[PDB]
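Visitor: First the structure, then my questions, so here it is.
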Amino acid sequence: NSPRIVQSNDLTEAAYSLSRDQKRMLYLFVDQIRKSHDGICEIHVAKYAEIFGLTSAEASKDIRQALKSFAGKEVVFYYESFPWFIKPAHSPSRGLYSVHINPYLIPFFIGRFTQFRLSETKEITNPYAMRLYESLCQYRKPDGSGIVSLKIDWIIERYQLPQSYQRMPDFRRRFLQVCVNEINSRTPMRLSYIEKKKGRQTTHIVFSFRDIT
DNA sequence: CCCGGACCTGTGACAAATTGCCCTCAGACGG
DNA sequence: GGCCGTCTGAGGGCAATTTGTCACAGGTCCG
Ligand SMILES: [Mg+2]
Ligand SMILES: [Mg+2]
Ligand SMILES: [Mg+2]
Ligand SMILES: [Mg+2]
Ligand SMILES: [Mg+2]
């Protein structure tokens, strides 16, 4: 029924810092690019509004501010760093935006891959929870279940979590619990976890999950 | 022995950021 | 033909929530 996103695992596991609105736009770019060699994409205000159930006004606000916050953002594949954009965005027509993605990023988008339908993620609010749901999809089985152990330091590096979450009680309270709650409340996935320890330090988080069925 | 100290946990406060809402007014189009 | 009524969207804002930071209470073990 709805668009099927696929992406190279290299993007799922890349290190970057994007907002919710920026990640939403990014899903459409990957969709446009894949359906084809030059990197120029386009976004319609009225289409964006309908996809994510926004008004035209608030859509316009989200696109405009997302777009100017890309400047200077960089992407690291573990390592190699790239800018997302190589030219400012611009609007030829009212309600229409044209963007220039770094053509050297194309092969990192299309490659060992991750896939999900866009309806699975479009109600998630916290961008770190989008990152977690993407990493879990990378390990999902056809039937809809999976289990994976992710290292905490790698979680911090890849999702570029803010500095105070290196204190484990803050990591638990403001990142782990919240994002597990959203996934359980906003996606068709049912997720559980347990902590792996070594001495006094907690080193990994072990995720198990199934599908509504 | 128990100390001060270096670790770990959780919670109460506050500061900074993001959310969906609300209102104005000109652009683009067709009847 | 050309004006105007309507559908858009580009601006300006808001209070209510969520996210990011740090002080302090309270556990263990070390030598
Ligand atoms: Mg952010
Ligand atoms: Mg917004
Ligand atoms: Mg005493
Ligand atoms: Mg007490
Ligand atoms: Mg004490």
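To be explicit about the labels: the chains of the structure tokens are called A, B, and onward in the order shown, and within each one the residues are counted from 1, while ligands get numbers from 1 in the order they are shown.
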Which chain B residues are at most 9 Å from chain A (counting only C-alpha atoms (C1' of nucleotides)), as an NGL selection string?
Guide: :B and (7-10 or 20 or 27-28)
Visitor: Apply DSSP to the structure's backbone, then extract all residues of stretch 3-40 of chain A labelled strand (DSSP E) and return them as a ChimeraX atom specification.
Guide: /A:4-8,40
Visitor: Generate a file of the selected residues that holds N, CA, C and O atoms, formatted as an mmCIF file, in the first residue's frame.
Guide:
data_model
loop_
_atom_site.group_PDB
_atom_site.id
_atom_site.type_symbol
_atom_site.label_atom_id
_atom_site.label_comp_id
_atom_site.auth_asym_id
_atom_site.auth_seq_id
_atom_site.Cartn_x
_atom_site.Cartn_y
_atom_site.Cartn_z
ATOM 1 N N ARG A 4 7.968 1.455 -0.135
ATOM 2 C CA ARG A 4 8.936 0.566 0.511
ATOM 3 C C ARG A 4 10.346 1.158 0.443
ATOM 4 O O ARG A 4 10.971 1.166 -0.621
ATOM 5 N N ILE A 5 10.836 1.660 1.581
ATOM 6 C CA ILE A 5 12.205 2.164 1.718
ATOM 7 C C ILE A 5 13.192 1.004 1.798
ATOM 8 O O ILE A 5 12.962 0.032 2.526
ATOM 9 N N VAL A 6 14.286 1.091 1.036
ATOM 10 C CA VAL A 6 15.433 0.204 1.210
ATOM 11 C C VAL A 6 16.693 1.063 1.234
ATOM 12 O O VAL A 6 16.759 2.113 0.587
ATOM 13 N N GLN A 7 17.692 0.627 2.002
ATOM 14 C CA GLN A 7 18.941 1.377 2.089
ATOM 15 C C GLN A 7 20.076 0.433 2.466
ATOM 16 O O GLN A 7 19.867 -0.581 3.138
ATOM 17 N N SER A 8 21.277 0.770 1.992
ATOM 18 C CA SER A 8 22.486 0.056 2.385
ATOM 19 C C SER A 8 22.686 0.107 3.894
ATOM 20 O O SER A 8 22.435 1.130 4.539
ATOM 21 N N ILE A 40 20.137 15.218 -8.144
ATOM 22 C CA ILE A 40 19.186 16.311 -7.967
ATOM 23 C C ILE A 40 17.807 15.753 -7.634
ATOM 24 O O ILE A 40 17.217 15.022 -8.437
#
Visitor: Near residue C:22, within 10 Å and counting only C-alpha atoms (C1' of nucleotides), which residues show up once chain neighbours fewer than 4 positions away are dropped, as number ranges by chain?
Guide: A: 164; B: 13-14
Visitor: Let me have all residues with an atom within 12 Å of ligand 2, counting only C-alpha atoms (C1' of nucleotides) and all ligand atoms, laid out as a list in words.
Guide: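 With only C-alpha atoms (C1' of nucleotides) and all ligand atoms and a cut-off of 12 Å, ligand 2 is contacted by residues 19, 20, 21, 22, 24, 49, 52, 54, 55, 56, 57, 58, 59, 60, 61, 62, 63, 64, 65, 66 and 125 of chain A; 18, 19, 20 and 21 of chain B.
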Visitor: Residues of the last selection are to be written out with C-alpha atoms (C1' of nucleotides), as a CSV table (one decimal), in the first residue's frame.
Guide:
chain,number,residue,atom,x,y,z
A,19,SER,CA,16.5,16.1,13.2
A,20,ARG,CA,13.2,14.3,12.8
A,21,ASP,CA,12.2,16.5,9.9
A,22,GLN,CA,15.5,16.1,8.2
A,24,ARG,CA,11.8,12.4,7.1
A,49,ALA,CA,1.8,17.5,4.0
A,52,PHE,CA,2.8,13.0,7.1
A,54,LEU,CA,0.5,18.1,8.2
A,55,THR,CA,-1.1,21.3,7.1
A,56,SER,CA,0.4,23.1,4.1
A,57,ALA,CA,1.7,25.9,6.4
A,58,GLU,CA,3.4,23.6,8.9
A,59,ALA,CA,4.8,21.4,6.0
A,60,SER,CA,6.3,24.6,4.6
A,61,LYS,CA,7.8,25.5,8.0
A,62,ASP,CA,9.3,22.0,8.4
A,63,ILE,CA,10.8,21.8,4.9
A,64,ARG,CA,12.2,25.3,5.0
A,65,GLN,CA,13.9,25.0,8.4
A,66,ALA,CA,15.2,21.4,7.8
A,125,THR,CA,8.9,11.7,16.9
B,18,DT,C1',10.7,20.8,20.0
B,19,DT,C1',5.9,19.9,19.4
B,20,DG,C1',1.1,20.8,17.1
B,21,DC,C1',-1.6,25.3,17.1
Visitor: List as a tab-separated table every residue of chain C that is in contact with chain A, defined as an atom at most 12 Å from one of its atoms (using only C-alpha atoms (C1' of nucleotides)), together with the nearest atom pair and the distance in Å rounded to one decimal, sorted by chain and then rising number.
Guide:
residue	atom	partner	partner_atom	distance
C:7	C1'	A:56	CA	10.8
C:8	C1'	A:56	CA	7.3
C:9	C1'	A:57	CA	5.7
C:10	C1'	A:60	CA	7.3
C:11	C1'	A:61	CA	9.3
C:12	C1'	A:61	CA	11.5
C:18	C1'	A:126	CA	9.3
C:19	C1'	A:174	CA	7.2
C:20	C1'	A:164	CA	7.3
C:21	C1'	A:164	CA	6.7
C:22	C1'	A:164	CA	9.1
C:28	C1'	A:200	CA	9.7
C:29	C1'	A:200	CA	10.9
Visitor: Could I get the residue neighbourhood of ligand 4 at 12 Å, counting only C-alpha atoms (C1' of nucleotides) and all ligand atoms, as a list in words?
Guide: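 Within the 12 Å cut-off, the matching residues are residues 11 of chain B; 24, 25 and 26 of chain C.
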Visitor: Can you spit out the residues from that selection as a PDB file, in the first residue's frame, using N, CA and C atoms (P, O5', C5', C4', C3', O3' and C1' of nucleotides)?
Guide:
ATOM      1  P    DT B  11      13.986   6.349  40.132  1.00  0.00           P
ATOM      2  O5'  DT B  11      14.088   7.826  40.719  1.00  0.00           O
ATOM      3  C5'  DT B  11      14.102   8.028  42.104  1.00  0.00           C
ATOM      4  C4'  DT B  11      14.351   9.484  42.423  1.00  0.00           C
ATOM      5  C3'  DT B  11      13.414  10.480  41.734  1.00  0.00           C
ATOM      6  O3'  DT B  11      12.938  11.387  42.706  1.00  0.00           O
ATOM      7  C1'  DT B  11      15.665  11.123  41.437  1.00  0.00           C
TER       8       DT B  11
ATOM      9  P    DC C  24      25.167  20.010  45.861  1.00  0.00           P
ATOM     10  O5'  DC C  24      24.417  18.696  46.391  1.00  0.00           O
ATOM     11  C5'  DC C  24      22.995  18.698  46.554  1.00  0.00           C
ATOM     12  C4'  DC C  24      22.473  17.287  46.788  1.00  0.00           C
ATOM     13  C3'  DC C  24      23.247  16.473  47.847  1.00  0.00           C
ATOM     14  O3'  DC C  24      22.337  15.988  48.834  1.00  0.00           O
ATOM     15  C1'  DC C  24      22.791  15.198  45.929  1.00  0.00           C
ATOM     16  P    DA C  25      22.840  15.135  50.104  1.00  0.00           P
ATOM     17  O5'  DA C  25      22.012  13.780  49.973  1.00  0.00           O
ATOM     18  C5'  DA C  25      20.606  13.820  49.893  1.00  0.00           C
ATOM     19  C4'  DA C  25      20.046  12.438  49.633  1.00  0.00           C
ATOM     20  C3'  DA C  25      20.509  11.362  50.609  1.00  0.00           C
ATOM     21  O3'  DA C  25      19.430  10.491  50.881  1.00  0.00           O
ATOM     22  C1'  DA C  25      21.148  10.769  48.407  1.00  0.00           C
ATOM     23  P    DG C  26      19.478   9.473  52.121  1.00  0.00           P
ATOM     24  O5'  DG C  26      20.133   8.171  51.478  1.00  0.00           O
ATOM     25  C5'  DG C  26      19.589   7.668  50.286  1.00  0.00           C
ATOM     26  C4'  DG C  26      20.467   6.589  49.691  1.00  0.00           C
ATOM     27  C3'  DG C  26      21.226   5.699  50.684  1.00  0.00           C
ATOM     28  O3'  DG C  26      20.814   4.373  50.427  1.00  0.00           O
ATOM     29  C1'  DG C  26      22.594   6.326  48.873  1.00  0.00           C
TER      30       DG C  26
END
Visitor: Identify, with DSSP run on backbone atoms, the residues in stretch 42-111 of chain A assigned to helix (DSSP H, G or I), and express the list as a ChimeraX atom specification.
Guide: /A:45-51,56-68,103-109
Visitor: Nearest residue to ligand 5 out of B:6, B:29, B:1, B:23, using only C-alpha atoms (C1' of nucleotides) and all ligand atoms?
Guide: B:6
Visitor: Write out as a list in words which residues come within 9 Å of stretch 97-107 of chain A when counting only C-alpha atoms (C1' of nucleotides), dropping same-chain ones fewer than 6 positions away.
Guide: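 With the cut-off at 9 Å, the set is residues 8, 29, 30, 33, 34, 37, 38, 39, 40, 41, 42, 43, 44, 45, 63, 67, 82, 83, 84, 85, 86, 87, 88, 89, 90 and 91 of chain A.
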Visitor: Filtering to N, CA, C and O atoms, could you give me those residues as a CSV table (one decimal), in the first residue's frame?
Guide:
chain,number,residue,atom,x,y,z
A,8,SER,N,21.3,0.8,2.0
A,8,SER,CA,22.5,0.1,2.4
A,8,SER,C,22.7,0.1,3.9
A,8,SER,O,22.4,1.1,4.5
A,29,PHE,N,14.4,11.3,-0.5
A,29,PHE,CA,15.6,11.4,-1.4
A,29,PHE,C,16.0,10.0,-1.8
A,29,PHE,O,16.3,9.7,-3.0
A,30,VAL,N,16.2,9.1,-0.8
A,30,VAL,CA,16.7,7.8,-1.0
A,30,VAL,C,15.7,7.1,-2.0
A,30,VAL,O,16.1,6.3,-2.8
A,33,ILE,N,16.2,8.8,-5.7
A,33,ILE,CA,17.4,8.3,-6.3
A,33,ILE,C,17.3,6.9,-6.7
A,33,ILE,O,17.7,6.6,-7.9
A,34,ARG,N,16.8,6.0,-5.9
A,34,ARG,CA,16.8,4.6,-6.2
A,34,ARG,C,16.0,4.2,-7.4
A,34,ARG,O,16.3,3.3,-8.1
A,37,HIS,N,21.0,9.5,-11.6
A,37,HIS,CA,22.4,9.3,-11.8
A,37,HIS,C,23.2,10.6,-11.6
A,37,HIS,O,24.4,10.6,-11.8
A,38,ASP,N,22.5,11.6,-11.2
A,38,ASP,CA,23.1,13.0,-11.0
A,38,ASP,C,22.9,13.6,-9.6
A,38,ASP,O,23.7,14.5,-9.3
A,39,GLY,N,22.0,13.1,-8.8
A,39,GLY,CA,21.8,13.6,-7.4
A,39,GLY,C,20.8,14.7,-7.1
A,39,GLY,O,20.7,15.2,-6.0
A,40,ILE,N,20.1,15.2,-8.1
A,40,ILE,CA,19.2,16.3,-8.0
A,40,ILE,C,17.8,15.8,-7.6
A,40,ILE,O,17.2,15.0,-8.4
A,41,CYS,N,17.3,16.1,-6.5
A,41,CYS,CA,16.0,15.6,-6.0
A,41,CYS,C,15.0,16.8,-5.9
A,41,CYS,O,15.4,18.0,-6.0
A,42,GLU,N,13.8,16.5,-5.6
A,42,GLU,CA,12.7,17.5,-5.5
A,42,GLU,C,11.7,17.1,-4.5
A,42,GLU,O,11.4,16.0,-4.2
A,43,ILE,N,11.1,18.1,-3.8
A,43,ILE,CA,10.1,18.0,-2.8
A,43,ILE,C,8.9,18.9,-3.0
A,43,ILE,O,9.1,20.1,-3.2
A,44,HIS,N,7.7,18.4,-3.0
A,44,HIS,CA,6.5,19.2,-3.2
A,44,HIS,C,5.9,19.4,-1.8
A,44,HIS,O,5.6,18.5,-1.0
A,45,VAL,N,5.6,20.7,-1.4
A,45,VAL,CA,5.0,21.0,-0.2
A,45,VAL,C,3.7,20.2,0.1
A,45,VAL,O,3.5,19.6,1.1
A,63,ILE,N,9.9,21.9,6.0
A,63,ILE,CA,10.8,21.8,4.9
A,63,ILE,C,11.8,22.9,4.9
A,63,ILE,O,13.0,22.7,4.9
A,67,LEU,N,15.9,22.4,5.7
A,67,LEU,CA,16.7,22.6,4.6
A,67,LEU,C,17.9,23.5,4.9
A,67,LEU,O,19.1,23.1,4.6
A,82,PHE,N,31.8,13.1,4.6
A,82,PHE,CA,31.2,13.8,3.5
A,82,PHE,C,30.2,14.8,3.9
A,82,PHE,O,29.5,14.6,4.9
A,83,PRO,N,30.0,15.9,3.1
A,83,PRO,CA,28.9,16.8,3.3
A,83,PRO,C,27.6,16.2,2.6
A,83,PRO,O,27.7,15.6,1.6
A,84,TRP,N,26.5,16.4,3.2
A,84,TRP,CA,25.2,16.0,2.6
A,84,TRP,C,25.0,16.8,1.3
A,84,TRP,O,24.7,16.2,0.2
A,85,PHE,N,25.0,18.1,1.4
A,85,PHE,CA,24.7,19.0,0.3
A,85,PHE,C,26.0,19.7,-0.3
A,85,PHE,O,26.9,20.0,0.5
A,86,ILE,N,26.0,19.9,-1.6
A,86,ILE,CA,27.1,20.6,-2.2
A,86,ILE,C,26.7,21.9,-2.8
A,86,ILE,O,27.5,22.6,-3.5
A,87,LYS,N,25.4,22.3,-2.7
A,87,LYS,CA,24.9,23.6,-3.1
A,87,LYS,C,23.7,23.9,-2.2
A,87,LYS,O,23.0,23.0,-1.8
A,88,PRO,N,23.4,25.2,-2.0
A,88,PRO,CA,22.2,25.5,-1.2
A,88,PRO,C,20.9,25.0,-1.9
A,88,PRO,O,20.9,25.0,-3.2
A,89,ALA,N,19.9,24.7,-1.2
A,89,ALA,CA,18.6,24.5,-1.7
A,89,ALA,C,18.0,25.7,-2.3
A,89,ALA,O,18.4,26.9,-2.0
A,90,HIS,N,17.0,25.6,-3.2
A,90,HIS,CA,16.4,26.7,-3.9
A,90,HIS,C,15.0,26.2,-4.4
A,90,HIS,O,14.8,25.1,-4.7
A,91,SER,N,14.1,27.2,-4.5
A,91,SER,CA,12.7,27.0,-5.0
A,91,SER,C,12.5,27.6,-6.3
A,91,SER,O,12.4,28.9,-6.4
Visitor: For each of A:191, A:137, A:118, A:129, take the minimum atom-to-atom distance to ligand 1, counting only C-alpha atoms and all ligand atoms, then give the residue where this is smallest.
Guide: A:129
Visitor: State, in Å with one decimal place, the distance from atom CA of residue A:148 to atom CA of residue A:14.
Guide: 17.7 Å
Visitor: Excluding same-chain residues fewer than 4 positions from stretch 193-195 of chain A, what lies within 8 Å of it counting only C-alpha atoms (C1' of nucleotides), as a ChimeraX atom specification?
Guide: /A:202-208
Visitor: Find the residues near residue B:31: any atom within 12 Å, counting only C-alpha atoms (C1' of nucleotides), skip ones fewer than 2 places away on the same chain, and give them as a compact mmCIF listing (two decimals) with N, CA, C and O atoms (P, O5', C5', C4', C3', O3' and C1' of nucleotides), in the first residue's frame.
Guide:
# COMPACT_ATOMS: atom_id res chain seq x y z
P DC B 29 0.01 29.30 -12.24
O5' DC B 29 -1.54 28.90 -12.33
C5' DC B 29 -2.13 28.08 -11.34
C4' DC B 29 -3.64 28.23 -11.32
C3' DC B 29 -4.30 28.40 -12.70
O3' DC B 29 -5.35 27.45 -12.85
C1' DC B 29 -5.10 30.03 -11.20
P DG C 2 -6.59 42.29 -21.03
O5' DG C 2 -7.54 42.22 -19.75
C5' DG C 2 -8.63 43.10 -19.63
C4' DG C 2 -9.31 42.95 -18.28
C3' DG C 2 -8.35 42.86 -17.10
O3' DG C 2 -8.97 43.41 -15.96
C1' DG C 2 -9.57 40.88 -17.22
P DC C 3 -8.08 44.12 -14.82
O5' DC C 3 -8.95 43.88 -13.50
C5' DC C 3 -10.26 44.42 -13.43
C4' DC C 3 -11.20 43.47 -12.71
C3' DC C 3 -10.88 43.22 -11.24
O3' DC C 3 -12.09 43.22 -10.51
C1' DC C 3 -10.99 41.16 -12.40
P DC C 4 -12.10 43.62 -8.96
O5' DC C 4 -12.47 42.25 -8.24
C5' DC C 4 -13.69 41.63 -8.57
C4' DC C 4 -13.67 40.16 -8.23
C3' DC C 4 -13.23 39.85 -6.79
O3' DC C 4 -14.07 38.83 -6.27
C1' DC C 4 -11.93 38.62 -8.30
P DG C 5 -14.42 38.79 -4.71
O5' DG C 5 -15.05 37.33 -4.53
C5' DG C 5 -15.34 36.55 -5.68
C4' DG C 5 -15.05 35.08 -5.45
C3' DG C 5 -14.90 34.67 -4.00
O3' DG C 5 -15.34 33.33 -3.84
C1' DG C 5 -12.82 34.41 -5.14
P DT C 6 -15.33 32.61 -2.40
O5' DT C 6 -14.15 31.55 -2.52
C5' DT C 6 -14.17 30.59 -3.56
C4' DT C 6 -12.80 29.96 -3.75
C3' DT C 6 -12.19 29.27 -2.51
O3' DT C 6 -11.93 27.90 -2.85
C1' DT C 6 -10.60 30.63 -3.61
Visitor: Between atom CA of residue A:115 and atom CA of residue A:79, what is the distance, to one decimal in Å?
Guide: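 Separation between atom CA of residue A:115 and atom CA of residue A:79: 24.2 Å.
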